[PDB]
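Presented below, as structure tokens, is a lone chain in the form deposited in one PDB entry.
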């Protein structure tokens, strides 16, 4: 049986509006895991919210893919829900950008390539990732990507139709990718505003500024992704991911190798222990790890067939 007590809290890894993520140890004894904690009390009052929260618990169980994060255990108490994920000691791709600054082309390429297979798998399953801001991506302990966010921030990477809530499809993912790619290559997201509205209005007017040092392939791709008309974006077509991956910017990518994780990451986190936490923001990792003190979430319980 699985209850909160099977695990001891080692660190705080992140803090969301409806909850936290703890690094924990299973007391698989000794194995480290990330424990994501959701307060039901904030969730069950909003239909659209419990939906997103159950969508998340289904998707994580259903999908198994090298570049999406795995659900090990899941479980609930009176007021909390508990997800136990593999622990991704590479941290967020956000912090990887901070760490190494603007990425070189071949570096940017690798991460985008992995991310593109991820999106491609998801789409086949009818799943849209919506938002591809670098904090919604992490790196496992070997330095490869893991999409990690299917539950319920900044908006700069979201596409127009999404923001204006005018109705969309999987192509918003391909817009969001070109904004990610921009940010990796330039160090900023393509449309930023002095504040919120400035930024949305800037995203709508959608006037792309390409820096002079971008290769021709980099520019071309970026142009075809960051198109206002979602139909016109590369990857909008029936090809989806294979459409984007075919573009020349990716001409060095041997895909079946990449998926096998046979390609060396551009940067290897070198960790010193299983729960080395050096790849995480210390704003969080310093805090004292403490879990603050009808049911529709029936049957939340999960145990991966693996473990």
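We call the rigid core whatever largest set of C-alpha positions still superposes within 1.5 Å between the two forms. Numbering follows the first chain given and starts at 1.
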Do at least a third of the other compared PDB entries leave residue 68 without coordinates? no
Test item: residue 28 lacks coordinates in at least a third of other entries: no
Would you class the number of unmodelled deposited residues between residue 51 and residue 52 as none, 1 to 3, 4 to 9, or 10 or more? none
What is the count, as a class, of unmodelled deposited residues between residue 293 and residue 294: none, 1 to 3, 4 to 9, or 10 or more? 4 to 9
Take the C-alpha B-factors listed in the entry for 30 to 38 and for 43 to 51, compute each mean, and give the stretch with the larger one. 43 to 51
When the Cα temperature factors in the entry are averaged, is it 209 to 217 or 179 to 187 that ends up higher? 209 to 217
Report the option among 173, 201, 149, 114 whose CA atom has the maximum B-factor in the deposited record. 201
What's the residue among 133, 123, 196, 224 with the greatest CA temperature factor in the PDB record? 196
Among the modelled residues of this chain, does the Cα B factor of residue 192 put it in the lowest, middle or highest third? highest
Chain-relative CA temperature factor third for residue 166: middle
Among modelled residues of the same chain, the CA temperature factor third for residue 89: lowest
Could you place residue 278 in the lowest, middle or highest third of its chain by Cα temperature factor, using the values in the record? lowest
Taking the values exactly as deposited, rank residue 154 by C-alpha B-factor within its chain and report the matching third: lowest, middle or highest. highest
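Beyond the structure shown, there is the form deposited in another entry, which is absent from this document and is the topic of what follows.
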Superposing on the rigid core, do we see a C-alpha displacement of 2 Å or more at residue 187 between this form and the one not shown? no
Aligning on the core only, does the CA of residue 100 end up 2 angstroms or more away between this form and the one not shown? yes
Does residue 253 move appreciably between this form and the one not shown, meaning a CA displacement of 2 Å or more on the superposed rigid core? no
